[PDB]
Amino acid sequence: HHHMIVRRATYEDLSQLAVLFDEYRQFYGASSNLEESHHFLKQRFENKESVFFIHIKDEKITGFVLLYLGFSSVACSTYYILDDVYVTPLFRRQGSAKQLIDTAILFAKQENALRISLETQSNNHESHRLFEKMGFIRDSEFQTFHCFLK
């Protein structure tokens, strides 16, 4: 029996998780649309190489982390991408993101991943403090490029 847990998300959690997923999208500039957020959360959940971990405190989902499998051609090995991390404001600064990333790290090690990689906004200093505390090192060697199609 427990009162707090970080565990893999299930289909049964998607309805509650969609609210936090919609909040994460709003943080990134998106207009709130619970129905759209939920439909796409279901597509990502039903994607073979994606893994969602959620943080539940007193039966409430406080946050989540979405990871997906990466393939490193140079190393000829897999790794994990920490795609999205979010904690709802009511539960911030209580160690939720820390616990979510700690479980993400233990999971990646269990999967013999090379590393966990991510990209976060340069203007998001709060996230840089979180990732550095968790053992992430800033990549300097690479430059991102986008070719916009729509």
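Numbers follow the displayed sequence, beginning with 1.
Asks: Mean CA temperature factor from the deposited coordinates, higher in 134-142 or in 8-16?
Replies: It is 134-142.
Asks: Which one of 87, 81, 30, 41 shows the biggest C-alpha B-factor in the PDB entry?
Replies: Among 87, 81, 30, 41, the PDB entry lists the largest C-alpha B-factor for 30.
Asks: Split into thirds by Cα B-factor across the chain's modelled residues, where does residue 91 land: lowest, middle or highest?
Replies: Its C-alpha B-factor, which the entry lists for residue 91, ranks in the highest third among residues of this chain.
Asks: Split the chain's modelled residues into thirds by Cα B-factor; is residue 103 in the lowest, middle or highest one?
Replies: For residue 103, the deposited C-alpha B-factor lands in the middle third.
Asks: Splitting the chain's C-alpha B-factors into thirds, which one does residue 69 fall into?
Replies: For residue 69, whose C-alpha B-factor we compare with every modelled residue in the chain, the answer is the lowest third.
Asks: Using the temperature factors of the C-alpha atoms in this entry, rank residue 61 within its chain: lowest, middle or highest third.
Replies: Its C-alpha B-factor, which the entry lists for residue 61, ranks in the middle third among residues of this chain.
Asks: Considering only modelled residues of the same chain, in which third does the CA B-factor of residue 122 rank: lowest, middle or highest?
Replies: Its C-alpha B-factor belongs to the highest third of this chain's values.
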